[PDB]
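Structure, as structure tokens:
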Amino acid sequence: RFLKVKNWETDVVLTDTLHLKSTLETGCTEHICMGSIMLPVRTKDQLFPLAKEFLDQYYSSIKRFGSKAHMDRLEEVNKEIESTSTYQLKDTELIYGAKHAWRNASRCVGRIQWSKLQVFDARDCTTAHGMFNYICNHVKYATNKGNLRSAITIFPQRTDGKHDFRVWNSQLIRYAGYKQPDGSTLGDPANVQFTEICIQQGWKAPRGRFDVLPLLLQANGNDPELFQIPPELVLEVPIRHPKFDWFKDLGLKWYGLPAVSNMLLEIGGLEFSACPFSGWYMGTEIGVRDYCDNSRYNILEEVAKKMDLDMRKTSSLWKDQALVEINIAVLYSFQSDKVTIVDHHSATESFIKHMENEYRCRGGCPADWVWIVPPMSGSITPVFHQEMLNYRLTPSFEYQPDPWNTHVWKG
Amino acid sequence: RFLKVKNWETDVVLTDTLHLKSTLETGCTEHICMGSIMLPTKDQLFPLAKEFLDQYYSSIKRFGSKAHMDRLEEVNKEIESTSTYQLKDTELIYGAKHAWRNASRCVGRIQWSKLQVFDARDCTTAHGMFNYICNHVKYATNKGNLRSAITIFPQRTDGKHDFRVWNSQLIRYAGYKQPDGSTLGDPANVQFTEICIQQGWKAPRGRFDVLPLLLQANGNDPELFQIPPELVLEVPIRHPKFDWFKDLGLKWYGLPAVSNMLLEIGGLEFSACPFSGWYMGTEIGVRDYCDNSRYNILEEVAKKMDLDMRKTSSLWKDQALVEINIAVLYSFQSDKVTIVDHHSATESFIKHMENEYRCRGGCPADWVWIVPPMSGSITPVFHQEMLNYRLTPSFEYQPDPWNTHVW
Ligand code: HEM
Ligand code: HEM
Ligand SMILES: C[C@H](O)[C@H](O)[C@H]1CNc2nc(N)[nH]c(=O)c2N1
Ligand SMILES: C[C@H](O)[C@H](O)[C@H]1CNc2nc(N)[nH]c(=O)c2N1
Ligand SMILES: N=C(CS)NCCC[C@H](N)C(=O)O
Ligand SMILES: N=C(CS)NCCC[C@H](N)C(=O)O
Ligand SMILES: [Zn+2]
């Protein structure tokens, strides 16, 4: 069976067969669509099939399907599974794996870059200090003095579920949130709970509005440890506006390197619970969501006040006007300091190209419209008009519970 | 599989039990989400009728009553004997309000119970249809103080006798493709405009020509009729700050009146059922004016504002968009024509979702359609999980009549 998606701006119709390789489930049924729901030990049993399936794809990717090298590999993984109960990926398979997990990530608008990933193999890592060292090299390699390069660092895979590697931070760089006694929040409200744990673990909090959090690192199932990223490795950008000179006086900055650190990377049925990855920012991530979500820094009011907008009625669109200026300011500051960033028009246009290409060359491209459409000016971007099919392919990046919820304290 | 939805801005969690009544299919499976796809006999009729009457009598608290059973009895006899049946007026009104109640794509549903239903099931000709339509237009428009309405033409019988309004909305502007390849007027209506022209209409060929009504009774060939201009309330678009704005020469109409949908009630099909409410500002100011395939006025606006159009990262498109939308809202408000902004409408919808969860055990909602086409994440609906499913009575899409009509 073959499925059509139409783009309603251009009439371009595309044909999807790739969804026929979907194994995992969407969370939807014939009777209910869950397309907008945020989140809808493994033994020998399921393991060889999952391995075989990955290796067939891998050997196909390299035009060696059914080759002796292919057959021997299946044989050896099989024997390793029955004997040791798990198996090790070769370097080539890991790189390919990490690349496909990105390629298959339906909520990522940046996928046109998928094949250029820099994969850092941290599977020889044994301790949290070793983790801190790997992560430092990742931040420095990816930051690259403002000319950002995609990277991922892969820590040892899960074994029995009791020896997990985890990065307890949700991103490698993020600001502290602090709940004040009067009920207000200082810094980023999104990181209040994580901040508290850091504080409890012994972190001395400067208690400002932009304090870079310490790394909280767990190796081998052991209690996690704190480390401070060398500030010289943390590239930040002060926010100003090309016309509003009072904008700088708001005191805003952001970090240049977005580095998701809490997802799980599954390759050939193997689980990499610590696999921090990084690319670079689309401007709206910062200017719309980080700055203007009511539950984040929420600057709309103060920006609007300074613009002397009519704030007495929503239908003045004061909120929308401030939002544009803040996003102009974010992109301008980044470009000025020569730090990599992409605006939402450029990114979404690239995405449509990537997506058409992927349909032609691959048979499709799983895409989550809810997440792909940008959080401002949605319909003036070409993705708004693009029908998408969403489905789950492996290799993949999955959510996992926050470790402070499941971890067993050595104490 | 009683389901939770969470608002991520507020942490309000709501339990959905209403979805366990869903009947029709979504288009999705366990293996594929199709949430962003635009369009994903006697034996059949009685269960359909039963399911509807059961809800009706439940709604007025005479579930299981003699009057309930008697009605079921009666309708059943009438199907057996006549192969269809007729809705009581009360059932028709309930059915229409509920079809709007169930429309998972409509953000305006807080208003659902206030619908004015005009029963046109005694209509027999296109002239009669024109008369009904003008009365609807005039009633709904109400000199700018708009009022919700639907007008319901006779139901399908054998599919060879359908009533249809061929227009997609009662009131829309014409589209003409030019000698130089461009388009004057509304490009979305280029083809309908052709059918009107190749049906007799004399196009003024301007940028904002109100299209004629093309109306079809009892399966006959449809007929043209001009809406009395004095019943078409239009708004000249000016900006409260940019005096040059009015020289753009933009106007829009006050009455949004979708006319190409199919209303199903208790298994009966009403293939002509035009309904109207009033505009959320973005519909005109974002989609109608700025979509690339519609009036596409972004460059000309940004130019008059002297914006840096050299690079997309100046957000000139975005800047222009805010201003256009301020001008739409301002114009309608100045001329006292009902209009709602996207902030105010989405806040209402959240409140309505609240009400429905509490009073009905859920509210079907299609996030893809409910989040406005500008400033999505600064409206509360962006942060709101929604469960989408199909309840009946419903409004359904249907093919365009020209593909179907046997002349
Ligand atoms: C190179 C520049 C990149 C851009 C501009 C980009 C863009 C984005 C954006 C805008 C999102 C939505 C994030 C949000 O709203 O919170 C996202 C999600 C995602 N991206 Fe990327 N991305 C990039 C690189 C990467 C890389 C290197 C990976 C992995 C190797 C990745 C995997 C993902 C995943 C798994 C998600 C889903 C996140 C979630 O479910 O919370 N992306 N991407
Ligand atoms: C009272 C003011 C109303 C507002 C503000 C409103 C708002 C909207 C909006 C913004 C949409 C999406 C439209 C688009 O983007 O093309 C919509 C769709 C819809 N509304 Fe309403 N609505 C209102 C009244 C009504 C009424 C009176 C009915 C029917 C009785 C109705 C039924 C629908 C349906 C079926 C859709 C989806 C139509 C489609 O798929 O094209 N609404 N509504
Ligand atoms: C409830 C809803 O699904 C949730 O707000 C999603 C919507 N789309 C998104 N899109 C992106 N890119 N990032 C997000 O956090 C979200 N949040
Ligand atoms: C491809 C996609 O489904 C299509 O653009 C949709 C998206 N959301 C929408 N939302 C509304 N309110 N109206 C629309 O026409 C659309 N179009
Ligand atoms: N572009 C990327 C690499 S996937 N970022 C991902 C998440 C960053 C988050 N939205 C933030 O705004 O900090
Ligand atoms: N608000 C309504 C009544 S449901 N309109 C809906 C369809 C009109 C279309 N979006 C337009 O912008 O003309
Ligand atoms: Zn779905």
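Just so it is clear: chains get the letters A, B, ... in the order the sequence lines come, proteins before strands, and each one is counted from 1. Counting convention: from 1, in listed order, for ligands and their atoms alike.
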- [ ] Kindly indicate whether a cation-pi arrangement holds for B:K114 with B:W112, taking the cut-offs as under 6.0 Å to the six-membered ring centre and within 45° of the axis.
- [x] no

Task: Proximal atoms of ligand 6 relative to B:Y253 (non-hydrogen, under 4.0 Å) - done: 13 (O)

- [ ] Measure the distance from atom 5 (N) of ligand 6 to every protein heavy atom, then report the residue, atom name and distance (to 0.1 Å) of the closest one.
- [x] B:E283 OE1, 3.0 Å

Open item on the list: Can you name the atoms of ligand 4, numbered from 1 with element, that are less than 4.0 Å from a heavy atom of B:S36?
Closed with: 1 (C), 2 (C), 3 (O)

Task: Within reach of ligand 6, part of B:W100 (heavy-atom separation under 4.0 Å) - done: neither

Open item on the list: Is it the case that the side chain of B:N189 and the backbone of B:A174 share a donor-acceptor pair, with hydrogens and angles ignored and the cut-off at 3.5 Å?
Closed with: no

- [ ] Give a yes or no answer on whether the side chain of A:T381 reaches the backbone of A:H345 with a donor-acceptor pair at less than 3.5 Å.
- [x] no

Task: Pair B:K351 + B:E356: basic N to acidic O under 4.0 Å - done: no

Task: Heavy-atom check, side chain of B:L3 versus side chain of B:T15, under 4.5 Å - done: no

TODO: Report yes if B:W367 has an N/O atom closer than 3.5 Å to an N/O atom of ligand 3; otherwise report no.
DONE: no

TODO: Please work out whether any backbone atom (N, CA, C, O) or any side-chain heavy atom from C-beta onward of A:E387 is under 4.0 Å from ligand 4, and answer side chain, backbone, both or neither.
DONE: both

- [ ] Please examine the side chains of B:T282 and B:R287, heavy atoms only from C-beta on, and report whether any two atoms are closer than 4.5 Å.
- [x] no

Task: Ligand-residue contact atoms, ligand 4 with B:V368, heavy atoms, under 4.0 Å - done: 7 (C), 8 (N), 9 (C), 10 (N)

TODO: Say whether, by atom type as modelled, one donor and one acceptor occur between the side chain of B:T338 and the main chain of B:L146 under 3.5 angstrom.
DONE: yes

Task: Residue pair B:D318 / A:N327, side-chain heavy-atom distance below 4.5 Å - done: no

- [ ] Would you confirm whether B:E323, through its side chain, and B:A320, through its main-chain N or O, come within 3.5 Å as a donor-acceptor pair?
- [x] no

- [ ] Give yes if a backbone or side-chain nitrogen or oxygen of A:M38 is under 3.5 Å from a nitrogen or oxygen of ligand 3, and no if not.
- [x] no

Open item on the list: Whether the side chain of A:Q113 engages the backbone of A:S150 through a donor-acceptor N/O pair (distance < 3.5 Å, no angle test) should be reported.
Closed with: no

Task: Close-contact set for ligand 4 against B:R287 heavy atoms, below 4.0 Å - done: 13 (N), 14 (C), 15 (O), 16 (C)

Task: Distance from atom 12 (O) of ligand 6 to nearest protein heavy atom, with residue and atom - done: B:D288 OD2, 2.8 Å

Open item on the list: Using a 3.5 Å cut-off on N or O atoms only, is B:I37 in polar contact with ligand 4?
Closed with: no

Open item on the list: Regarding ligand 3, does B:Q384 bring an N or O atom to under 3.5 Å of one of the ligand's N or O atoms?
Closed with: no

Open item on the list: When you compare ligand 3 with B:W8, is there at least one nitrogen or oxygen pair between them that comes in under 3.5 angstrom?
Closed with: no

- [ ] Report the nearest protein non-hydrogen atom to atom 6 (C) of ligand 3: residue, atom name, distance rounded to 0.1 Å.
- [x] A:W371 NE1, 3.9 Å

Task: Check: A:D293 side chain, A:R296 main-chain N or O, donor-acceptor pair, under 3.5 Å - done: no

Task: Protein heavy-atom partner closest to atom 13 (O) of ligand 6 - residue, atom, separation in Å - done: B:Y279 OH, 2.8 Å

Open item on the list: Is the contact between B:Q169 and ligand 6 made by the side chain, the backbone, both, or neither, using heavy atoms and a 4.0 Å cut-off?
Closed with: side chain

Task: Non-hydrogen side-chain atoms of A:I326 and A:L300 separated by less than 4.5 Å - done: yes

Task: Polar atom proximity, A:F384 to ligand 4 (N or O, under 3.5 Å) - done: yes

Open item on the list: So is A:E285 touching ligand 3 or not, going by heavy atoms under 4.0 Å?
Closed with: no

TODO: Name the closest protein heavy atom to atom 4 (S) of ligand 6, giving the residue it belongs to and the distance to 0.1 Å.
DONE: B:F275 CE1, 4.2 Å

